[PDB]
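Take a look at the structure set out below.
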Amino acid sequence: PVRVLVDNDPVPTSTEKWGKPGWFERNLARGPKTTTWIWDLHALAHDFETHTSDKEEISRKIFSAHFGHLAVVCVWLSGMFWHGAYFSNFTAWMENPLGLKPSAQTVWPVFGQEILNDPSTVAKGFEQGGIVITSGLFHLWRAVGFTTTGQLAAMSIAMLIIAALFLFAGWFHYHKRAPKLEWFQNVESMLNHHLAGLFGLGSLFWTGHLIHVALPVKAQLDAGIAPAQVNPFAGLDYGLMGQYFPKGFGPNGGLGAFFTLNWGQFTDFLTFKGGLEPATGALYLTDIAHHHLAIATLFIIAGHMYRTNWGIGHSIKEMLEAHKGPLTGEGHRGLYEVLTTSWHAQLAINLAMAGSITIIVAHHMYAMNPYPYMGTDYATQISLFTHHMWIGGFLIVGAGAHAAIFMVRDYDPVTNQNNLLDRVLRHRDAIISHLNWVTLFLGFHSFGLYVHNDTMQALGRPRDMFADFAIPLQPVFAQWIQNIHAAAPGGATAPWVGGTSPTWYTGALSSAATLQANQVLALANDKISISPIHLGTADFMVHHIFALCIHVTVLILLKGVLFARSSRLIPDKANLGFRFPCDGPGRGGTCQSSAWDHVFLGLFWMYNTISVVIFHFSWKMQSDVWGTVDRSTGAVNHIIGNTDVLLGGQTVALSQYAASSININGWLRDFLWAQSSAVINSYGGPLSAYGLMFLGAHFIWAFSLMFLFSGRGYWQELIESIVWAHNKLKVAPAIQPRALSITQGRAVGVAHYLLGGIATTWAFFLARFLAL
Amino acid sequence: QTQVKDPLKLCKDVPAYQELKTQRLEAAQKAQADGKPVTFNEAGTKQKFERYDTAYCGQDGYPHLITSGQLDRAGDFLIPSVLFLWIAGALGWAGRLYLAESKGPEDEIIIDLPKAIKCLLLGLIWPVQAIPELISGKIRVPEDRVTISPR
Amino acid sequence: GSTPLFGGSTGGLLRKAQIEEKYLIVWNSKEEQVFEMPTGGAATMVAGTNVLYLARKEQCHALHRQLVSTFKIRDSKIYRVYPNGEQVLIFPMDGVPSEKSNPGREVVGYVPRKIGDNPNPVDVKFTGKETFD
Amino acid sequence: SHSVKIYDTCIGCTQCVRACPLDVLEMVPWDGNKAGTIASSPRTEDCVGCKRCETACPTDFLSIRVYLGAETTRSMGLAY
Amino acid sequence: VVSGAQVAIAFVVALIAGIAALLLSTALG
Amino acid sequence: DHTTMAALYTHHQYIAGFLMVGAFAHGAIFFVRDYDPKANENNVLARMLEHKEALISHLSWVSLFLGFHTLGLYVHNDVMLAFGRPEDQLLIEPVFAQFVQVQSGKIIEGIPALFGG
Amino acid sequence: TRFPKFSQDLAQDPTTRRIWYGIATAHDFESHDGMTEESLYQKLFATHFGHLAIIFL
Amino acid sequence: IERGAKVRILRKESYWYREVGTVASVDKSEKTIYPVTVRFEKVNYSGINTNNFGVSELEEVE
Ligand code: CLA
Ligand code: CLA
Ligand code: CLA
Ligand SMILES: CC1=C(/C=C/C(C)=C/C=C/C(C)=C/C=C/C=C(C)/C=C/C=C(C)/C=C/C2=C(C)CCCC2(C)C)C(C)(C)CCC1
Ligand code: SF4
Ligand code: SF4
Ligand code: SF4
C-alpha cells in the first residue's frame with residue numbers, strides 16, 4: 011500500500027503573481043484600501059489553510075516551505091563557518107584554548123565603533139581583534155576535529171551546496187513533482203525512515219566521523235602536535251590508527267575483530283567511562299563515539315517497528331484502537347485520524363517535544379560538558395544554557411497555540427466520540443479548577459516564603475526566616491536522588507560505569523561554602539569547570555517557584571485549548587475562530603476570550619518562567635559552582651564568595667546564594683544591583699555595546715507598554731485629527747491610515763515586551779561574564 | 031550651590047580641553063605606529079580639534095553649541111537648519127508630488143520608480159514650487175471639502 | 011421525546027437551573043447522528059424527538075445554529091423552564107422565523123429619527139429619561 | 002437590560018437579525034425603505050449586549066444601537 | 005509635656021467631634 | 350533638612366500633576382454632561398470644538414517634534430560616551446533661560462541684561 | 003439587595019458588580035436616582051463641611 | 003438630483019461628511035425616507051463604500 015503518488019508540474023514557475031501581493035486570500039486579492047490590508051498580508055502569508063480548502067495543496071506548500079527553511083538554516087551555518095574561517099582568531103585560539111578569548115566577528119572602523127574590537131582577542135592572523143563570541147562554536151569545531159581555518163572554509167562551501175540542494179528540492183517538489191495527499195499520510199513509512207535512516211544512520215555515520223576524525227585528531231593534540239601539523243586523514247591510515255589505538259586497530263585486525271564478533275578489541279576507542287576527563291573538563295570522546303554507536307543501533311532497530319510493504323510490523327491505527335479501558339471510554343480510537351489529517355495536531359506534539367528536548371539540552375550540557383575547555387568559558391556556559399532555555403520555552407508556547415488551532419479548525423465531533431479527546435473536554439471545568447487551585451497553592455507556598463523572609467529580615471527576626479541558617483526546608487528528595495547517582499558508577503546498578511557527572515557528589519557536604527579543591531574539577535587555568543551542586547533551602551524555594559511558573563503557563567495554555575471551542579460565557583466560540591479580539595462588551599465584557607489571547611497571555615508567563623530559571627542558574631553557578639582554586643590551602647574561591655550571616659551576633663558562613671537568595675531584597679541587591687555594575691560601567695570600552703543594548707532593551711520593553719495598556723479606539727481617533735491635517739494639505743494617502751487591529755496591538759505589545767525583556771538580560775549576562 | 035559667572039569660554043583657553051586634546055592625540059599617535067586602523071587617526075584628530083579650538087567649551091572641556099541665532103555660531107544650528115529644511119522639505123514635497131500623480135492605492139505598495147525618481151528630483155528644488163503654492167492658498171484644500179467629526 | 015445520547019459533563023447545569031430558570035430545546039431528527047454539545051463534547055441525537063436541558067438561552071440558540079448550519083434541521087423550539095415546572099415557549103415566538111418579515115408583529119425599539127438627531131445629555135439632565143427616546 | 006434601538010435609516014437588510022445570537026431581533030413590515038421592512042427589538046430582556054448586530058449593520062452611522070444598561074443574570078450571560 | 009489629664013481632655017473633645025460627625029453623616033445619607 | 354525639602358517638592362508636584370489631570374477630566378465630563386451647543390452658539394467655547402482637529406494635530410506635532418529630537422540627542426550622547434567620544438556630544442547651552450536669570454540680576458558673562466538689569 | 007440605595011439599576015444587579023459600582027458611583031451625585039439641582043447643591047455644601055472638618059482633624 | 007452626479011454630504015454623523023460621492027441609485031418611489039444611494043472613493047471603518055441619503059442631506063457640486 012505504500013506507493014509514491016506525484017502530480018507532475020502542477021504549478022508553473024512564473025513571476026506574474028509578484029505584481030499582485032495578497033493574491034492567495036480572497037479578502038487580500040481585492041487590493042489595499044486601508045493600512046489594515048498591509049498587516050493582514052503578513053499575518054496570513056504562511057497560514058496556508060486560509061488560502062485554500064484543498065488539504066493536498068496545503069500539504070504541498072508545507073513540504074516545499076520546509077525545504078526553504080532548511081536552506082535558510084544551511085545558509086546560516088555556512089555563514090558561521092565562513093566567519094570562523096576568515097574573520098576569526100580560530101588559528102590562535104587552537105594553540106591556546108584557555109588563554110585567548112574566541113572572536114569571530116570583527117568591526118569596521120567608522121564612527122568609533124572599532125572600540126568594540128578588543129584586546130584579549132587580538133592575536134596573530136586577527137590583528138585588529140573583534141567581538142568576543144559566546145556561542146561556543148570554537149569548542150564545538152575543535153571537538154569534532156577542526157584544526158585549521160582552511161577546513162572551516164570548505165565546510166562553509168559544503169553548507170552552501172546543501173542549501174542550494176535544499177532550495178532546489180523545494181522548487182522541485184512544489185513546481186515540478188508535487189506529492190499527493192496519500193503520500194503524506196504514510197506515517198508508518200515516515201517513522202520507519204526517520205528512525206532508521208535519519209536518526210539511525212545519521213548517528214552511525216557520525217560515529218564514523220568520531221572514530222576516524224575526532225578521535226585521531228584529539229590523539230595528535232594530546233600527543234603535543236600543533237594543530238597546523240595535525241594530519242586530519244590520520245584515522246583513514248590503518249597504520250597510523252594503530253599507534254593511537256593498539257587494541258582496536260592492531261595486529262588483531264580492526265574489521266577482522268568486527269565480523270568475528272571479537273568486539274572486545276574495540277575497547278580502546280569505545281568505552282563506558284561516564285565522567286569527565288580531568289584535563290579538559292569534558293566527556294571522553296570514546297564515550298561519545300560508543301554513545302552514538304549504541305543509539306544508532308537502537309534507532310535503526312526502532313525504524314523496523316512499523317508495517318509498510320512487507321507484512322511484518324505494527325499498524326499504528328490498530329495499536330491505538332486496542333489501548334482502551336473502562337475508565338477512558340473508547341480510548342485512543344480516532345487519534346490516528348486526528349494525527350494523520352491535522353497538520354496542527356502534529357505541530358502541537360512536535361513543538362511540545364522539541365521545546366522540552368531543548369530544555370533537556372540546557373540542563374545536560376552544563377552538567378555533562380561535551381566540548382573540551384568549554385566548562386571554564388563561563389560566558390559561553392551562561393549563553394548556551396540561556397539560549398536553549400529561551401528556545402525551548404518559545405516552542406512549548408507554540409505547542410499550546412497549535413493545539414488550540416487544532417481544536418478550532420480540525421476538531422470533528424464524529425471522529426472523537428467518547429475517546430480520550432472527547433472525555434478531556436467533558437471535564438474541562440474539573441481540570442482547570444484543579445489547576446487553578448494548585449497554582450494558588452504553589453504561589454502562596456513558594457513566593458510567600460520569600461515575602462515571609464523579606465519581612466522577617468526587615469523586622470530584625472532572622473531566626474524566624476526560612477533558610478539554612480534558620481528554619482530549614484531541605485529538598486530531601488533531590489538530595490536522595492543525588493546520593494543514588496553518586497553511588498551508582500562502580501556500585502551495584504552500574505558496575506562497569508567508571509564515573510558520572512560531578513554535580514551528583516554532594517553526599518558529604520552540607521553547603522557549597524565548605525568545598526575543597528579535591529572535590530571540584532579545575533583545569534590548568536585553575537578555573538572550576540564543574541563541581542558538586544549543593545541543594546539547600548534556597549533551592550527548595552526556587553524549585554517550587556519553577557513549579558508555580560510552569561503550572562500557571564500550563565493553566566493559561568490548557569485553558570486556551572480546552573475552551574477554544576466553547577465556554578459558559580461564549581457557547582459558539584469556535585464560530586468566531588482561533589483569533590478574534592472579543593465578542594463585545596456584553597456578558598460583562600469578553601475581551602481576550604479567544605484561544606489566541608491565551609497564547610498571548612501565556613507568552614508573558616513563559617517569559618516569567620524562563621527569566622527565573624536563568625537568573626537562578628546565573629547566581630547559583632557563580633556562588634556555588636564556578637570560581638578559582640588555589641594550589642595552596644586546597645581552597646575553592648567561588649566567583650562571589652561567602653556571606654556571613656549575623657543572627658546572634660555569632661556569624662554563620664554560607665555561600666552567597668544560600669545566605670541571600672531566600673528573599674526578594676537579596677535578589678534585588680546582591681544579584682540585580684551588584685552584578686549590573688559591569689554593564690552600567692561598560693562605556694568607553696569593548697563591552698559598551700552591551701551597555702547600549704541594556705539601555706535600548708529597557709526602552710523597547712517600556713515602549714511595549716503603550717500597546718499593551720491602551721486600546722485602538724484612542725489611536726484611531728488620534729489618527730482622525732492627523733488625517734485631517736494631511737487631508738488639508740493634499741497629502742492624504744489612498745491607503746487610509748487605520749489604527750492597528752485589537753489583536754495586532756496585543757501582538758505588537760507582547761513582541762516588544764519579550765524583545766526588550768530578553769535582550770536586557772542578554773546584555774546583563776554577557777557584560778557580567780565577559781568582564782569577570 | 032556655586033554660581034558660575036563664566037559658564038562658557040573658548041575651548042583653547044579651557045585647561046580641561048587641553049587635557050582631552052592631548053589625551054586624544056596621544057591615543058591617535060599610539061595607533062599610527064604599532065597600531066590598528068581607527069576612526070580618528072593622527073591627521074583626523076588634528077582636524078577634529080582644529081575645529082573645536084574656536085568653539086565654546088564648558089568647564090568639563092567639551093564643546094557647547096549656541097542656538098540663539100548668533101552669527102559667529104551660525105554653523106552650530108543655523109546652517110544645519112537650512113540644510114535640514116531643504117532636504118526634509120524635498121522628501122516631503124516629493125511624496126506630495128508622487129501622491130497626486132498616483133494611479134491608485136497600488137502605486138502606494140508598488141513604487142512606480144520613474145515616477146518616484148522624477149518626484150524625488152522635482153522635490154530637490156521644492157521652494158521653486160512650494161511658496162508660489164503657499165501664498166496662493168494652493169497648498170490647502172477649502173474647508174467644506176475636508177471631513178470632520180461631530181462637535 | 012428523549013435525551014440525546016451523552017455520557018455527561020461538567021459544563022452543564024448548575025444550581026441556577028434548580029432555583030431560577032433553565033432552558034429546554036426541542037428538535038426532530040430523521041437520522042441518528044453526532045453533534046457537538048454546547049456544554050463541551052460530542053453527543054448523538056436519536057432518530058426522533060430530542061429534548062435537551064441547557065443553562066442559558068444562548069447555549070440553546072447556539073445549538074439551533076449548529077442544527078441549521080450542519081444538519082439542515084429547521085424546526086427547533088426553545089422553552090424557558092421555571093423551577094415550579096412551567097414551560098414558556100420563547101423561540102420561535104410567532105412561528106415565522108425572525109429574519110423573514112411577517113405582518114402581525116409590532117415594531118419595538120423604533121426611534122423615528124436618524125441617530126445624529128438625538129438630543130443632548132444636557133437636555134435630559136436631572137431625569138431618568140435617556141437620549142434614545 | 003440593555004436598550005436596543007432601531008433608527009429610521011434602516012434599509013431592511015435583516016443582517017442584524019441574522020447576527021444576533023439571542024434572537025432579540027426580528028423584521029416587521031415597514032414603508033420607509035424599498036425592502037418594506039425594519040428591524041425591531043421585542044426581546045431585549047434576552048440581550049447580552051454583544052453588539053454583533055451593530056457589527057452587521059451596513060448603514061453609515063448605524064441604524065441599530067445597543068445601549069448597555071442595568072445588568073441582569075440574562076444580560077451578564079451567566080450559566081450560574 | 006502632654007500630661008495624662010490632657011490626653012483625656014483630648015479624647016473628650018474627639019468624642020464630641022465624633023458625635024458631630026455622626027450627626028452629619030446620617031443627615032447626608 | 351534636605352530630606353524634608355525633597356519630600357515637600359515631590360509631594361506638591363505629584364499633587365499638582367493629579368490636579369491637572371483632574372481638571373481636564375472634569376472638562377471632559379462638562380462636555381458630555383453639561384455643554385449646551387445652543388446656549389453656547391458661536392462663542393469662544395463652541396469655537397474650540399469647531400477647530401479641534403487643528404488643535405489635536407498640532408499638539409500631536411509638537412509632542413513628536415520634541416520627542417524625536419530630545420530622545421535623539423540623549424541617544425546621540427549615549428552612543429558618543431559608549432564609543433569614547435564625549436567631546437562629540439550635543440551639548441546645547443540653555444541661553445534663553447540664562448537670559449531670564451540675567452534680567453533678574455544674575456551675573457552671567459556672555460548673556461546681556463536687555464533693559465539694563 | 004438595597005445597597006446601593008441611590009441606584010436601582012445597580013441595586014437589582016445580582017452579581018458582585020453591584021458592590022463595586024455602588025462604591026465607585028457613590029459620589030457621582032448628579033447621576034443618582036431622584037436627584038434635583040437644588041438638593042444637589044444642598045448636599046454638596048454640607049459634604050464640603052465634612053471634608054473641611056477632616057482637614058482640621 | 004439624479005444618477006451619476008457628484009454630490010457632497012451634509013449628514014454630520016456620516017463618515018463621508020463634506021466629501022464628494024457619486025449617486026448610484028435614486029429610488030423613484032414615495033414613502034422611502036433616504037432614497038438616494040451614493041458611492042464613495044473611501045471605505046468607512048467597516049469597509050463599506052456606499053450609503054443611502056435623503057436629498058436634504060446632499061449638495062450637488064456638478
Ligand atoms: C515549527 C514551528 C512553527 C510553525 C511552522 C508555525 C506555523 C504557523 N503558526 Mg505558529 N507558533 C509557533 C511555531 C510555529 N508556528 C511558536 C514557537 C509560537 C509561540 C510564539 C507560535 C504561536 C502562534 C500564534 C499565536 C499564531 C501562530 C500562527 C501560525 C500560522 C501562520 C503563521 C503566519 O503566517 O504568521 C505570519 C508571521 C509573521 C507576520 C512574522 C512574525 C514576526 C514575529 C511575531 C516577531 C519577530 C521579531 C523577531 C523575533 C525579532 C526581530 C527584531 C529585529 C528586527 C529588530 C502558521 C500555521 C497563527 C495562526 O493563526 O495559525 C493558524 C497565529 O495566530 N503561531
Ligand atoms: C508624503 C509624505 C508625508 C508628508 C509630506 C507628511 C506631512 C506631514 N505630516 Mg505625516 N506621516 C507620513 C507621511 C507624510 N507626512 C507617514 C508615512 C506617516 C506614518 C509614519 C505619517 C504620520 C504622521 C503623524 C503621526 C503626524 C504627521 C504630521 C504631518 C505634518 C507635520 C510634519 C510632521 O510632523 O512630519 C512627521 C512625519 C512622520 C512622523 C512620518 C515620516 C516618515 C517618512 C519619512 C515619510 C514617508 C516618505 C515617503 C515614503 C516618500 C515617498 C516619495 C517617493 C514615492 C517619491 C505634515 C503635514 C503631524 C501633524 O498632523 O501635524 C499637523 C503628525 O502629528 N504625520
Ligand atoms: C518608553 C516608553 C514609551 C515611548 C517611547 C512612547 C512614545 C510615544 N508615545 Mg506613548 N505611552 C506609553 C509609553 C511610551 N510611549 C505608555 C506606557 C502609555 C500608556 C498606555 C503610553 C500612552 C500614550 C498616549 C495616550 C499617547 C502616547 C504618544 C506617544 C508618542 C509621543 C510623541 C513623541 O515623543 O514622538 C517621538 C517618538 C518617540 C519618542 C517614539 C520612539 C521612536 C523610535 C525611537 C524611532 C525608531 C527608529 C528605529 C530605527 C526604527 C525601528 C527599526 C527596527 C525594527 C530595525 C511617542 C510615539 C502620543 C502620540 O501618539 O502623539 C502623537 C499619545 O497621544 N503614548
Ligand atoms: C478642557 C476643558 C477645561 C479645562 C481646561 C484646563 C484644565 C485648562 C488649563 C489651563 C492652564 C493650566 C492654564 C495656565 C496658564 C497660565 C498662564 C496663562 C500664566 C501666565 C503667566 C504669565 C504670563 C506671567 C508673566 C510674568 C512672568 C513670566 C515673569 C515676570 C512677571 C510676569 C508676571 C509679568 C474646562 C474646565 C475649562 C472646561 C472646558 C473643557
Ligand atoms: S474593550 Fe476592546 S476587546 Fe474588550 S469588548 Fe470592547 S472592543 Fe472588545
Ligand atoms: S447586542 Fe447582541 S444580543 Fe443584543 S440585540 Fe445585538 S446581537 Fe443580539
Ligand atoms: S438595523 Fe442595520 S442590519 Fe438591521 S435591518 Fe436595519 S440596516 Fe439591516
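Chains as they are written, first to last, in the authors' numbering: chain A, 11 to 782; chain B, 31 to 181; chain C, 11 to 143; chain D, 2 to 81; chain E, 5 to 33; chain F, 350 to 466; chain G, 3 to 59; chain H, 3 to 64.
C-beta atoms are modelled at their ideal positions from N, C-alpha and C, and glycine is treated no differently.
query, result
"Residues from the stretch 560–578 of chain A in contact with chain D, defined by Cβ distance under 7 Å", "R578"
"Ligand 5 site residues, beta-carbon cut 5 Å against heavy atoms", "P591(A), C592(A), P595(A), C601(A)"
"beta-carbon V49(D) near ligand 6 non-hydrogen atom, thresh 6 Å", "yes"
"Contained beta strand (DSSP E) runs [length at least 3] in the stretch 80–127 of chain A, N- to C-terminal order", "113–115"
"Residue-level contact to chain G via CB, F142(C), 7 Å cutoff", "no"
"Between the CA atoms of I178(B) and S731(A) - distance to the nearest angstrom", "8 Å"
"Where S325(A) sits in the DSSP three-state scheme", "coil"
"Cβ neighbours of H3(D) in the same chain (closer than 7 Å, five flanking residues each side left out)", "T45, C48, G50, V67, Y68, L69, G70, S76"
"8 Å Cβ cut-off: residues of chain C touching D432(A)", "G51, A52"
"Proximity winner among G78(A), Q138(A), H648(A), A761(A), relative to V68(B) (alpha-carbon distances)", "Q138(A)"
"Rounded C-alpha distance that separates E390(F) from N128(C)", "18 Å"
"Supposed close pair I442(A), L586(A) - CB separation, criterion 8 Å", "Rounded, the Cβ-Cβ distance is 20 Å, inconsistent with contact."
"Heavy atom of ligand 3 within 6 Å of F719(A) beta-carbon", "yes"
"7 Å Cβ cutoff, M28(D) in contact with chain C", "yes"
"Cβ-heavy atom distance, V609(A) to ligand 1, below 6 Å", "yes"
"Those residues which DSSP pairs with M55(C) across a bridge", "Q43(C)"
"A40(D) Cβ short of 6 Å to ligand 7 heavy atom set", "yes"
"Where the alpha helix (DSSP H) containing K51(B) begins and where it ends", "45–60"
"Chain B within 7 Å of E62(H), Cβ atoms only", "no"
"Cβ-heavy atom distance, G701(A) to ligand 3, below 6 Å", "no"
"Local Cβ density within 10 Å of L54(G), reported as buried at 16 or more and exposed below that", "exposed"
"Proximity test, Cβ basis, 7 Å: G11(C) and chain H", "no"
"Chain B within 7 Å of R20(H), Cβ atoms only", "yes"
"Environment of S33(G) [buried if 16+ CB atoms lie within 10 Å]", "exposed"
"Amino acids of chain B, ordered along the chain, whose beta-carbon sits closer than 8 Å to that of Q438(F)", "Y92"
"Cβ neighbour criterion (16 or more within 10 Å) applied to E68(C)", "buried"
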